[PDB]
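Notes follow once the structure below has been shown.
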Amino acid sequence: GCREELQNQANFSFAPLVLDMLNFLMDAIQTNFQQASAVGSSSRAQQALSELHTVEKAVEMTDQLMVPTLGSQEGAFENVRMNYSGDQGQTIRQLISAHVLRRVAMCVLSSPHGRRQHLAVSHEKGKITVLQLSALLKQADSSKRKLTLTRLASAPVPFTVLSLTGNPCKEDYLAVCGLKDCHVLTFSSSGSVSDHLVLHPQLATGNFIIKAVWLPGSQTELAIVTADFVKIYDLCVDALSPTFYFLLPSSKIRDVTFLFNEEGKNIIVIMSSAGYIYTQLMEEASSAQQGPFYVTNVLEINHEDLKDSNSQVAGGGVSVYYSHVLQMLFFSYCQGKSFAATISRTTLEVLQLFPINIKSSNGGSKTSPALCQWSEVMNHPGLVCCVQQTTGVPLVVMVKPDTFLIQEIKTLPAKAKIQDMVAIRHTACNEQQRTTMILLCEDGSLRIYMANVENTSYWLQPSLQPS
Amino acid sequence: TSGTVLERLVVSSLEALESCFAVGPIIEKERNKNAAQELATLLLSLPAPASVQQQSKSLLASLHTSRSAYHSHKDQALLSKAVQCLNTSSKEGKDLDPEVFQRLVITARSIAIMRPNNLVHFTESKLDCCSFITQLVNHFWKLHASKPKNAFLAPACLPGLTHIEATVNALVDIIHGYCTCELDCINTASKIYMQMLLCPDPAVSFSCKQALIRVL
Amino acid sequence: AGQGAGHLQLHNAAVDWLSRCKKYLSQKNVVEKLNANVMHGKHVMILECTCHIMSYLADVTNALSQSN
Amino acid sequence: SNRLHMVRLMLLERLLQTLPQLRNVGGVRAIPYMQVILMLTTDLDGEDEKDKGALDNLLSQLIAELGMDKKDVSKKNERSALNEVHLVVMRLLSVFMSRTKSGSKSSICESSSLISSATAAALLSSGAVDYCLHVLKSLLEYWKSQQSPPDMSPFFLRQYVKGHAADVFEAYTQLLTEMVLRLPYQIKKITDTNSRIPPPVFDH
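Residue numbers (the UniProt record's numbering), protein chains in the order written: chain A, 1794 to 2260; chain B, 2470 to 2596, 2617 to 2705; chain C, 1547 to 1614; chain D, 2967 to 3113, 3132 to 3188.
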């Protein structure tokens, strides 16, 4: 009822005052507004990856990265321990004692774009059981509730299982590897076997299949690596004659990884028992159409620890693994020294080298145990899992751009020696992206662990992820 | 308002500007209109939450008695920023960020939706005709080529485009609006259209086809 | 209360009050503390106090603008 | 709607110069090139002189691209990308033929599609019956020796796409035979319905 008086009072304009704070608060208003939303997330991620490439890193031990939540009872799984009953059982025993081969008794069928969450577990009786993990993944409570596992299906395999690898490009395909045979299973949406095929490696006498690796980003292409040679087949056309055949002039084959150059063509890295690292550009010249190709190039890595003794680099290597997400090659040697090489995509030369000096919680052990079975959690960049060649303890490593966060996964009680490892990122009841880590021990007990969001979600932050 | 503190301060400052320009005398309004509209166009230009954009555009609309002039100033400001950033990125040869790419794409799409006449008039005004078209198509093609052939091979960061169909639909609606208003550079557009039609990826060729059906 | 006579006085207080609040956010120490992005301190509380006082200014001006 | 009308007329005339670059692209890679023409011909009102120049001009270039006078027909049996572009272009001509202008309640039988009549006249002038006969002779020996995918409509039924998503082009010979037995029927019936067009000559 005083509109005219209100206008007369407001005749002293505050717009000059409004602009004369706004002008000098703009200095931070602009900064916060540009920080708001996903603006700059791409640039932040690019600078984070560049400093990961460049900045030197030191290794620290920790335990807060990984938090156990649930623990299954003993005997939940039957005949988990392999007694190696058979003619090849003694050979497998000798190989595992020599630690040349590592047995992977399970796998997971799940893809970033797919819906599957299947868990395949192998038995000694030549049977692999496919199981649904929906109930296990949806249970986040840390109580002592009895786990309920719904057996999706099962399939008897006519030869001993040493490794199970699900195709990372598509959850549909699962490869089963033993000492001398390879199988490929295409599973239905309910976990039942829809298709079954057998690969024929035509192995020579005295050689054993090390492992079968799917070519990254490639569906029907599988490379079977043995102790002497690698054979690369494409299931889409031929399962008898491999497209590529790679051999090693001297010493035995230990491990094989793959990467792609700037153009995109794949490159195979083979690290041998002699400790030498070799690289090969796969193409028509090196294709199996022209016959076996012997790998000749040798990577030149010069380090004080890496001494070429009696034609062996640190007494031979253990495992090799290139990270597609991190654009960097992991490797380790029999002496227990682990190295991370950032390598040029065009000259194939290591641009930078990062040591990984693993220090145990107890001071009794000085030398670090050898690293093998590198495993990277899909949709969770930076987190890798490895196992010890000599002791078999799991080790979870986060490659921070400036540091190396390592953690040993020790289960209480220690009577249950952990046999195999897996880790899947999935959704929760509250539609939260959570990383659940499933350990299988020798007693058949399952250990359920969970990735600390305050410690394991650096790359998963909205400031580093595009919307 | 659960947003940031400075964002809340900005909302309050702009509603105070509304207070001044709805309560105050006409004299102070016409003195402060220049600075107020300049600051409003600025804050509209730079990235910020949607609420402050909405209130700033409401302020600027209330400032102008005629809607056409208001929308013309908004168009020239934002399109000039787009032109300068695109020209700088093209000249230096850097890879345009996908986020700023989609911001520019959606802004241009909205402008074409509302007034393609003014959009053509400014984006083709001299600050060869339809060079804007050539450069934006070139940027699209470099970004698409930079995108990895397989999403699996991509690292934690994803180079290239993410929502291909939305981007191509926005680009084709831009070209169609320009063809409706401008007629000389059509001989160029045909070529780019055909380049969009022979692309190996079905999700771009078929998307451009169905966009042509829905718009023409 | 009633027809809104209180707005004739309280707004006047707001007229100086935010200006008073301005006389706190213009100092170099205060803006430096803001740039450090620290929640604890009198600067953040006073900026919320501003937000509120010309939020009340909004509450009166919207009614007066819809009084047409 | 005028400005859009000349927009389509120009766009049609631009696409006509770039037809021949589709020689090596591949059939599966080239359907939308003609799918867009299908709309470009929707409001194709024949009465306009510029429009009818555009029509008969495009008919002439598709006829020339088909190359009905080469008579070198022993290569049409095998599967080659240029053969598939022939197949899709004649499928486009077939879709043009099947397009009928729904007339009013008038009893006159001359209310046929202007596009269809023009296509039929052009094909009869170019003499497609001879090519039909030669290609049939070429494929007689072949026959006696024989003893989420994108929306592909209307060139291929969506059921066909969902049944042969691996390759809609595996049955190239069957599709070519269906095209070359179906087209003469339609040109014959449209010529019968039109008194002005003389019936085509057919021998034993």
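Ideal Cβ placement from N, Cα and C applies to all residues, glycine included.
* A:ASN2059 in three-state terms, based on DSSP -> In the first sequence, counting from the first residue as 1, residue 2059 of chain A sits at position 266. Looking at A:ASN2059 - three-state DSSP - the assignment turns out to be strand.
Opening and closing residue of the beta strand (DSSP E) in which A:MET2243 lies: Locating residue 2243 of chain A in the first sequence gives position 450, counting from the first residue. Segment 2239-2244, the beta strand (DSSP E) holding A:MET2243.
Taking B:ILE2622 and B:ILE2664 to be in contact with their CB atoms under 8 Å, please state how far apart those CB atoms are, rounded to whole angstroms.
Locating residue 2622 of chain B in the second sequence gives position 133, where the first residue counts as 1. Locating residue 2664 of chain B in the second sequence gives position 175, where the first residue counts as 1. Confirmed, Cβ separation roughly 7 Å.
### Residues from the stretch 2558-2586 of chain B in contact with chain A, defined by Cβ distance under 7 Å
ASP2566, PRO2567, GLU2568
Exercise. Can you tell me which of D:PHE3186, D:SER3092, D:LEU3167 puts its alpha carbon nearest to the alpha carbon of D:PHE3062?
Key: Along the fourth sequence, read from residue 1 onward, the residue named residue 3062 of chain D stands at position 96. Answer by Cα proximity: D:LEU3167.
query = Who are A:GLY1864's beta bridge partners in DSSP?
reply = Position 71 of the first sequence, counted from the first residue, corresponds to residue 1864 of chain A. A:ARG2240.
Are the CB atoms of A:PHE2022 and A:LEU2040 within a distance shorter than 7 Å?
As a first step, residue 2040 of chain A is located in the first sequence; it is residue number 247 there, counting from the start. As a first step, residue 2022 of chain A is located in the first sequence; it is residue number 229 there, counting from the start. In this structure, A:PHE2022 lies closer than 7 Å to A:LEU2040 by Cβ.
>> When you compare the CB of C:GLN1573 with every CB in chain A, is at least one pair closer than 7 Å?
In response: Along the third sequence, one-based indexing puts residue 1573 of chain C at 27. Chain A, which has no Cβ nearer than 7 Å to the Cβ of C:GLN1573, makes this no.
Members of the stretch 1852-1884 of chain A near chain C, C-beta cut-off 8 Å: none
Inspect the beta-carbon positions of A:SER1835 and B:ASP2566 and report whether they are closer than 7 Å.
Mapped onto the first sequence, residue 1835 of chain A falls at position 42. Mapped onto the second sequence, residue 2566 of chain B falls at position 97. The answer is yes: Cβ separation under 7 Å.
* Does any residue of chain A bring its CB to less than 7 Å from the CB of C:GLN1612? -> In the third sequence, counting from the first residue as 1, residue 1612 of chain C sits at position 66. It does not: the Cβ of C:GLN1612 has no partner Cβ on chain A nearer than 7 Å.
- Report the three-state DSSP secondary structure of A:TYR1877 (helix, strand or coil). The residue labelled residue 1877 of chain A in the question sits at position 84 within the first sequence. DSSP places A:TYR1877 in coil when its eight states are reduced to three.
**Item:** Assigned secondary structure, D:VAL3185 (DSSP; H/G/I helix, E/B strand, else coil)
**Value:** As a position in the fourth sequence, residue 3185 of chain D is number 201, starting the count at 1. D:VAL3185 falls in the coil class under three-state DSSP.
If you draw a straight line from the C-alpha of A:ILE2094 to the C-alpha of A:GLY2108, how long is it?
Counted from its first residue, the first sequence places residue 2094 of chain A at position 301. Counted from its first residue, the first sequence places residue 2108 of chain A at position 315. Taking the straight line joining both Cα atoms gives about 15 Å.
Review point. What did DSSP end up calling A:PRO1961 once you bin it into helix, strand or coil?
Key: Counting from one through the first sequence, the residue named residue 1961 of chain A turns up at place 168. Three-state result, A:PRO1961: coil.
Euclidean distance between Cα positions of A:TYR2126 and A:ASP1880
On the first sequence, residue 2126 of chain A is found 333 positions in, with the first residue counted as 1. On the first sequence, residue 1880 of chain A is found 87 positions in, with the first residue counted as 1. Cα to Cα, A:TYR2126 sits roughly 31 Å from A:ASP1880.
Between the CA atoms of B:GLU2497 and C:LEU1554 - distance to the nearest angstrom
If you number the third sequence from 1, residue 1554 of chain C lands on position 8. If you number the second sequence from 1, residue 2497 of chain B lands on position 28. Answer to the nearest angstrom: the Cα atoms are 21 Å apart.
Which value, in whole angstroms, describes the spacing of the CA atoms of A:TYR2114 and B:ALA2517? If you number the first sequence from 1, residue 2114 of chain A lands on position 321. If you number the second sequence from 1, residue 2517 of chain B lands on position 48. Distance between the alpha carbons of A:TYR2114 and B:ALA2517 is about 43 Å.
So, A:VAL2088 versus A:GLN2073, is the Cβ gap smaller than 7 Å?
-> Within the first sequence, residue 2088 of chain A is the residue found at index 295, counting from 1. Within the first sequence, residue 2073 of chain A is the residue found at index 280, counting from 1. Cβ atoms of A:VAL2088 and A:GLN2073: closer than 7 Å.
So that I know if they touch, is there some Cβ in chain D lying closer than 7 Å to that of B:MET2683? Numbered from its first residue, the second sequence carries residue 2683 of chain B at position 194. Output row for B:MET2683: interface = yes.
| message | List, from N- to C-terminal side, the beta strand (DSSP E) runs of 3 residues or more that fit wholly inside the stretch 2118-2194 of chain A. | response | 2121-2126, 2131-2136, 2143-2149, 2164-2169, 2176-2181, 2187-2192
Buried versus exposed call for B:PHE2570 [16 or more other C-beta atoms within 10 Å across all chains shown]:
Looking up residue 2570 of chain B in the second sequence gives position 101. Buried.
The stretch 2480-2491 of chain B: positions lying closer than 9 Å to chain C by Cβ
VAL2480, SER2481, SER2482, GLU2484, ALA2485, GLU2487, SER2488, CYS2489, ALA2491
> Would DSSP call A:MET1854 helix, strand or coil?
Replying inline: Taking the first sequence and counting its residues from 1, the one referred to as residue 1854 of chain A is at position 61. If DSSP states are grouped into helix, strand and coil, A:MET1854 belongs with the strands.
Within the stretch 2006-2049 of chain A, ranges of the beta strand (DSSP E) (whole runs, at least 3 residues): 2014-2019, 2022-2027, 2037-2040
Excluding five sequence neighbours on each side, which residues of the same chain lie with their C-beta closer than 6 Å to the C-beta of B:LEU2632? Numbered from 1 along the second sequence, position 143 holds the residue referred to as residue 2632 of chain B. Around B:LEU2632: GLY2649, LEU2650.
Q. Which residues in chain C sit within 8 Å of A:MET1814, going by Cβ to Cβ distance?
A. In the first sequence, the residue the question calls residue 1814 of chain A occupies position 21. Near A:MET1814 (Cβ distances below 8 Å), the residues of chain C are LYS1568, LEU1571, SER1572.
- [ ] Could you check which residue in A:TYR1877, A:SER2011, A:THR1998, A:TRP2252 has the C-alpha nearest to that of B:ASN2639?
- [x] Taking the second sequence and counting its residues from 1, one reaches residue 2639 of chain B at position 150. The candidate whose alpha carbon is nearest that of B:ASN2639 is A:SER2011.
Measure from the alpha carbon of A:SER1927 to the alpha carbon of each residue in A:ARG1908, A:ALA1829, A:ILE1885, then state which is nearest. Numbered from its first residue, the first sequence carries residue 1927 of chain A at position 134. Residue A:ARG1908 is the option with its Cα nearest to A:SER1927.
Can you list, in chain order, the stretches of the alpha helix (DSSP H) that have 4 or more residues and sit fully within the stretch 2979-3018 of chain D? 2997-3006
query = To which residues of the same chain is A:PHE2001 closer than 8 Å at the C-beta, ignoring the five residues directly before and after it?
reply = The residue labelled residue 2001 of chain A in the question sits at position 208 within the first sequence. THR1884, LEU1888, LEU1894, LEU1972, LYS1973, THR2019, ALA2020.
| Selected residue, minimal CA-CA separation from D:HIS3052, among D:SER3091, D:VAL2973, D:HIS2971, D:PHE3153 | For the purposes of this step, residue 3052 of chain D is taken as the residue at position 86 of the fourth sequence. With distances taken between Cα atoms, D:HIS3052 lies closest to D:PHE3153.
| message | Please state whether the Cβ-Cβ distance between A:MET1859 and A:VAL2180 is less than 7 Å. | response | Working through the first sequence from its first residue, we reach residue 1859 of chain A at position 66. Working through the first sequence from its first residue, we reach residue 2180 of chain A at position 387. Contact: no.
**Request:** Show which residues of chain D have a CB atom less than 9 Å away from the CB atom of B:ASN2658.
**Result:** Against the second sequence, residue 2658 of chain B aligns to sequence position 169. Going along chain D, no residue has its Cβ under 9 Å from B:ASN2658, so there is no contact; the nearest lies around 15 Å.
Rounded to whole angstroms, what is the Cα-Cα separation between C:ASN1583 and C:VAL1576?
On the third sequence, residue 1583 of chain C is found 37 positions in, with the first residue counted as 1. On the third sequence, residue 1576 of chain C is found 30 positions in, with the first residue counted as 1. The alpha-carbon atoms of C:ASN1583 and C:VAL1576 are separated by roughly 11 Å.
Span of the alpha helix (DSSP H), counted from its first residue to its last, around D:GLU3154:
For the purposes of this step, residue 3154 of chain D is identified with residue 170 of the fourth sequence, where counting begins at 1. Segment: none, D:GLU3154 is in no alpha helix (DSSP H) and carries neither H nor E.
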